[PDB]
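S.K.: The structure's right below; bear with me while I get my questions together.
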Amino acid sequence: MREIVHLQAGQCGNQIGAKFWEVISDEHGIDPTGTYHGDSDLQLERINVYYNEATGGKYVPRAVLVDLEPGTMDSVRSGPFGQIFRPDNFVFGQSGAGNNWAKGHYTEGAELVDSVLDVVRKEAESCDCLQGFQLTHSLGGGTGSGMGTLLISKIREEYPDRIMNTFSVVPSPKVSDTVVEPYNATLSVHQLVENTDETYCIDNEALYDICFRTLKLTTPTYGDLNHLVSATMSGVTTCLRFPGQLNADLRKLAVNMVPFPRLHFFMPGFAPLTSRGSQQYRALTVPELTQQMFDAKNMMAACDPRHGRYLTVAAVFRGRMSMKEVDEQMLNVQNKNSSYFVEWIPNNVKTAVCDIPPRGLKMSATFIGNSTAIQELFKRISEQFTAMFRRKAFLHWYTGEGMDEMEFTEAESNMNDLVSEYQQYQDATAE
Amino acid sequence: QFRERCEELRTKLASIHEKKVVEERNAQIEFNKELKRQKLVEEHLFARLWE
Amino acid sequence: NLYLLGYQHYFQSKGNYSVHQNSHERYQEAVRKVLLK
Amino acid sequence: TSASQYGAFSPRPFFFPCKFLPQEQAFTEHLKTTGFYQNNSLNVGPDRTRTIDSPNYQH
Amino acid sequence: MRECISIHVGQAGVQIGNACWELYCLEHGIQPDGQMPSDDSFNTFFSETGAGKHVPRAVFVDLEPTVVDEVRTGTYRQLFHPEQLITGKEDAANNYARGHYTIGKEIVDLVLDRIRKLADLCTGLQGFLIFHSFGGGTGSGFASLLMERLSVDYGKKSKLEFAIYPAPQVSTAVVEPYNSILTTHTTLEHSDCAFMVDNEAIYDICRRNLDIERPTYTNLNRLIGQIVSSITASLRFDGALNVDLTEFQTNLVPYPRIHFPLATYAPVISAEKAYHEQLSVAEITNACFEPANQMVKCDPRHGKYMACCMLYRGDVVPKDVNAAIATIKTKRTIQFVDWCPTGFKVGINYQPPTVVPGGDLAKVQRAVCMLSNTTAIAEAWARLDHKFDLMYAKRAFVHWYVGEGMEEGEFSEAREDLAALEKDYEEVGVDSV
Amino acid sequence: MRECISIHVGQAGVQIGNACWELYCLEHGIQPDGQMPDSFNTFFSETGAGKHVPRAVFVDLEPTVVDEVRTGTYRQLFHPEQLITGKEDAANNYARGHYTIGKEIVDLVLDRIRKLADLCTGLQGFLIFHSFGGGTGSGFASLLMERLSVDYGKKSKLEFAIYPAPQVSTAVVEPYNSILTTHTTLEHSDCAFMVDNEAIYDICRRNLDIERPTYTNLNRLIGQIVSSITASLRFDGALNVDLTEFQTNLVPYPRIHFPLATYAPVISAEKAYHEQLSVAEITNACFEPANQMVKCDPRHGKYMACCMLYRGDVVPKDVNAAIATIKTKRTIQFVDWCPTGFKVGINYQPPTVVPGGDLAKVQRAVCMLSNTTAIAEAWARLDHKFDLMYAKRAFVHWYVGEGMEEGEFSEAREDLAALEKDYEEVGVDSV
Amino acid sequence: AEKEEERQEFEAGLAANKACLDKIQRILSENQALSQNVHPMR
Ligand SMILES: Nc1nc2c(ncn2[C@@H]2O[C@H](COP(=O)(O)OP(=O)(O)OP(=O)(O)O)[C@@H](O)[C@H]2O)c(=O)[nH]1
Ligand SMILES: Nc1nc2c(ncn2[C@@H]2O[C@H](COP(=O)(O)OP(=O)(O)OP(=O)(O)O)[C@@H](O)[C@H]2O)c(=O)[nH]1
Ligand SMILES: Nc1nc2c(ncn2[C@@H]2O[C@H](COP(=O)(O)OP(=O)(O)O)[C@@H](O)[C@H]2O)c(=O)[nH]1
Ligand SMILES: [Mg+2]
Ligand SMILES: [Mg+2]
């Protein structure tokens, strides 16, 4: 009908989706063992989007978890919803990559790309009309940044028409855990521009900023961080699973978010995050969602969008709201701020409404926006990648994998050409 | 799931953990004391042999 | 602790299950077939 | 002899860590020892026109 | 599963292996006999029999029998497989030539067959941990040739190196600089990473922070075991950021000729001192940068850091880790090379380090290990070069090695190799600003 | 959050530290073990074991003075590293403690200062205590400030210093150390609180009836001075005044940071029986020349800045009445360019008492920080005595033999000559 | 009727918060650091 195969790459990817799948099963009333105890007929009306049918009233994951290290996956199949997955979709090798992008992309990845291609083909042919796939991974590791790129490039050839999302975790300069980070990141975004329909730039340091200030959590783990990206990407396909006053899907946003094929990077954000001192002194309303969202402190990317221009803005609202108050706010932000919006695109805003409120909440909103501030990330990464590469530091690890040197040069060049043309769209006269 | 989904329990666990670590360290202190007593008596008996 | 706001299950707060035995294919066939009590 | 001191320690519980959470390989070990999922079958799949499958078009 | 094999060489090697293995047995739960009184977290070091026994993956080797017979007699006489403990009747007596050309070649084959059997027992192996000294004749020459043969036996496998480097002032030998000069070609062209440590720095650290006077080799060995435990803890036990050996192998080495990081441990304090001190992530990571706590008599401030690998352990939080790293980067005297603004490789582990009875370290809920690759180590090789040059000028003790039967030109060859490596370190230290 | 670190130097500093830190433990309730059976957080610091550790650095060039602390009742209260000793002392020599013995332990202290500083989040300043007479209190303290000032460009550095008494003296070569230390307290100090031991001797014998005192009596009244200054930071009050507030409103020119302290009321319990104490009565004694804490008479000079510290059951209405009466008295003079010269800080908690002390339990108190130019006559006496000795070149071979240049003696004498001259110009009241 | 329904929903939210606070109290009273495994010699 309209099905999604959830591709999973790396320790980042496995932990992100495990929290994500914990959320969705609660959204559809599924126990840790797999059945449906709920009383919502509309929870089962569209459960085949993410799950597959099994005997005995059981519903199974349509996920393929991938890693290069055995240690991560028992952590998945021992957790809150460990047993809901099936052992065959669990695919993983014996030797890690050591944060080396080349190893997972060329040397060790090639032995495992076959088996993951096998299982995803069966999840593809299991569904009648597959809408498109979906991957969560990190640009800072060896498998998600590495193998994850090799997976996408193959299934683009196999399934060209199908949409392809990616919630790629981009590294932060303020907080980085990897010396060899810039080499992997520069060699992966070159794969992302060519073969991806849709990308969301999630940055961990931003999640550390949002928890310290708005949430005032004393000791945040990565589990709180995983819950943020799960609620965001629950808010992207919420209109797909449930009916609404004005419906949409991923493809409805996809055509409406891409003026030109080189630009598919966006800045997700969540509306209703308040601390526990803020719950008592609040009155939930459509304006208060727009006030919390448009605050650039709230964004989960790593750049301030006042330094650029909004190309296109999406707002997927969830709950029961009056639409006059919905559209009047979207017009109101365009009129007041007369400098942050592109002029050659009037009515920059796409808005969708899903009637079913979010889990555990009465009102919410989700946002996908294309700005010029995304180029602030790359040029800062290019500031570090060139500093690595001018002295050929850490190069023998990648050179010994069998690649040449011009692949680095074309990577930055294509990366430099992207931000160069991206800068032009900021400074462009409409008339 | 609800064990994971609370922070104040992590605070209380850390507090009680450190509190019990203190008493374990006290046991280590008594261990060190008995070692020093042992070496002292070794020196005394060697002095007796010299005399 | 993002959502220790009260959980407040929506549909739980506010028949055909006996017809289709909580099966998605049976419900699809039913809603094509009317047969909803 | 000083070398004999290295193993002159009777086991007592307070030389031991407060908690103990090791790596348990009970499931992925089996999944390694057995072959992974792979299908060598014959080509099986319905013909699909996606948007509508099998209507009753007629004059 | 991920397994590692220990190849303790020499008297230092077997003593260090003894301390490390007492630590491992106490940690994982094994009795001195070898049984469990009560998951498979021991698989990296121990193999499990049908009867419930745990068998070491460690080949003690020495050329003097006594140093292994006390091991064969001691409390762990039954834990350790006797054919793992390999002995020779006569030893090199601080003669690299003897340990390389006359005496080692008799039992080369036996040691190679046993390590072949141990690697056969292993299914997917991770690394060979080498423990030796730069001064001893056996631990220099026999170690050197076993690297030479083991390199072609296993081309791809990681060969970690832990070595006692001759102290700049105190010495237990007079003929040590010749052996230390001639060994360096092996740790240059046939090693993956090295951890040279001088006993003098550990002595200063112990008498300064631990406040234990009159130390011995046991006190040093317990710290070295703590270091190796911190290295292997991410492998043995889970962590939110687990780091295997290949990850920190990659994120420390800029060029193939530079595989000499420097170790650091904190907190290392007495229990009475730990009574009045709050121990936090910031405090422990600031203590790991002090030059007085380095395990090598060199000052990193005289050089510049190119890389830093970081291993937290215990009850640690990524927020505090990031705050500490931010403070360290804001520090000015803590300098970094111009071609590395991002130079940290962080891994965290849950289980706090255990404590050995009768030892010295009081148990601390969180702990830090640092593996900093800086360019301040070259001055130690400069001191070695100066002493070896003033040695070799008058041709003292050379008759011993020549009558053993090696050519004299290898002395000059090794001297030129180490001079070139020092020049390489200077080239790295040069900045393109 | 407010944090202060004590940097007590010399045999005076240790003995002052014994009285002062004992006062703080009784003020907050700290057991001699160090356990409370966050007003304490300005002085103490929490540990994992629930132990509070003082933020102090006790330094001495001889071990014996600190060895009494190491075996005292408060042995477990103090951390072993904080107490720093030395094998040989300067022996009433500035030069030994400045060039030969000072450099021996200057650096190890700075390690301990940093660790105490890093434990603190927001540092207000450093309270530094030493003496002008002894070599360690004068020589070593001079180097530390020079390194501290270039290390901490902004953090405050207060000075409670023992000045030589005008008539009595415990040393012969004490004018040499007193003169040449004045460089540090000029270009590396923010405020000063010079005390001659004589001025406490008559105050106690006249007011507290103890006809035969000791230094412990002298130390305890010094403790009340420091406590009253810090009491505003420790506890809540109607008008809290921090270090930066009264530093600003006491120094009209950066070369003038030498006020005079005055504590009131200081009466024995039995004579406190006959005296009803009010805000007016105590604030009149703060201007009495007989109760002055420095051997000088302000009636021969003129106040330019008066800082007023109240504490206890005080009322702002009665404070204003007391100030008005003070201004209507021709015996008290004020400079022309300061028509308004007062600074009132109000605290709530009354000062505590020590068993075996000298002061009675009093509900209200008052501390006084009055800058006057009548302190000018004090160093002129010191100029007269130094010049009367330096002409014959006595004791000079000691300082020369250590390796300090003889021209520094003349330069030191000249600097105080310009110092006294400046205080005449401020005393001049021009049109 | 609409405003009555919203008021009762608000009361239901308050009751849920009270219940979760009470179970917070109970799991505060509980005490364990076992993590499904004590050390093998304990
Ligand atoms: N840190 C440390 N060093 C040791 C220990 N035992 C021996 N050494 C070092 O070993 C060096 C000398 O070599 P040995 O280990 O004694 O003997 P060897 O390596 O087998 O070589 P030969 O003496 O020729 O047999 C000395 O410089 C010591 O520093 C030890 O227990 N701890
Ligand atoms: N008021 C007061 N003065 C003190 C105290 N202790 C020492 N002094 C003064 O300090 C002067 C001498 O210096 P000391 O403090 O005794 O010793 P030092 O400062 O360490 O210098 P050295 O004697 O050279 O080591 C004497 O003139 C005393 O008046 C004290 O507890 N209270
Ligand atoms: N926000 C967040 N980031 C994570 C989480 N787990 C891992 N990461 C990030 O992932 C990076 C390590 O990825 P890695 O495991 O090497 O990726 P792989 O090589 O593809 O398996 C680190 O820099 C972390 O910042 C998580 O639960 N939340
Ligand atoms: Mg030997
Ligand atoms: Mg003195």
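Shown for chain F, in order and in Swiss-Prot numbering: 1-37, 47-440.
This deposition comes from electron microscopy, 3.5 Å.
Cβ atoms are placed via backbone N, Cα and C, with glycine included.
Per Swiss-Prot, the features are:
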type: BINDING; residues: F:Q11, F:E71, F:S140, F:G144, F:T145, F:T179, F:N206, F:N228; note: GTP binding site
type: BINDING; residues: F:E71; note: Mg(2+) binding site
type: ACT_SITE; residues: F:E254; note: active site
type: MOD_RES; residues: F:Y432; note: phosphotyrosine
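I'd like to know what surrounds each of these features in this structure.
M.R.: Note on F:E71 (GTP binding site): other Cβ atoms within 10 Å of its Cβ, all shown chains, come to 19.
With a 10 A radius on its CB, F:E254 (active site) counts 15 other CB atoms from all the protein chains.
Reduced to three states, the DSSP call for F:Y432 (phosphotyrosine) is helix.
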S.K.: The record names F:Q11, F:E71, F:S140, F:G144, F:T145, F:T179, F:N206, F:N228 as the residues that bind GTP; what is their largest Cα to Cα distance in Å?
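M.R.: Pairwise Cα check on F:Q11, F:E71, F:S140, F:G144, F:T145, F:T179, F:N206, F:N228 gives a maximum of 22 Å.
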S.K.: For the C-alpha pair, I'd like the distance in angstrom between F:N206 (GTP binding site) and F:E254 (active site), rounded off.
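M.R.: A Cα-Cα distance of 29 Å.
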S.K.: With an 8 Å cut-off on Cβ-Cβ distance and a minimum sequence separation of at least 6, pull the same-chain contacts of F:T179 (GTP binding site), or say none.
M.R.: F:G142
S.K.: Long-range neighbours only, meaning 6 or more apart in sequence with Cβ under 8 Å: which ones does F:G144 (GTP binding site) have?
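M.R.: Those within reach of F:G144 (GTP binding site), by Cβ under 8 Å and sequence separation of 6 or more, are F:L70, F:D98, F:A99, F:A100, F:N101, F:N102, F:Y103, F:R105, F:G106, F:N186.
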S.K.: Rounded to the nearest Å, what's the C-alpha distance separating F:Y432 (phosphotyrosine) and F:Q11 (GTP binding site)? Just drop the number here, would you?
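M.R.: One finds 32 Å between the Cα atoms of these residues.
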S.K.: To the nearest Å, how far is the Cα of F:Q11 (GTP binding site) from the Cα of F:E254 (active site)?
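M.R.: Between the alpha carbons of F:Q11 (GTP binding site) and F:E254 (active site) there are 31 Å.
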S.K.: Could you state the CA-to-CA distance between F:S140 (GTP binding site) and F:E254 (active site) to the nearest Å?
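M.R.: Their Cα atoms are separated by 26 Å.
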S.K.: For the binding-site residues listed here, F:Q11, F:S140, F:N206, F:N228, which shows the highest count of neighbouring CB atoms within 10 A?
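M.R.: Counting every other Cβ within 10 Å of each candidate, the maximum falls on F:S140.
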S.K.: Would you count the other CB atoms within 10 A of the CB of F:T145 (GTP binding site), including those on all shown protein chains?
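M.R.: Neighbour count, Cβ to Cβ under the 10 Å cut-off: 31.
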S.K.: Express the distance between the Cα positions of F:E71 (GTP binding site) and F:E254 (active site) as a whole number of Å.
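M.R.: Cα of F:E71 (GTP binding site) to Cα of F:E254 (active site) measures 37 Å after rounding.
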S.K.: Which of the three DSSP-derived classes (helix, strand, coil) applies to F:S140 (GTP binding site)?
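M.R.: In three-state terms, F:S140 (GTP binding site) counts as strand.
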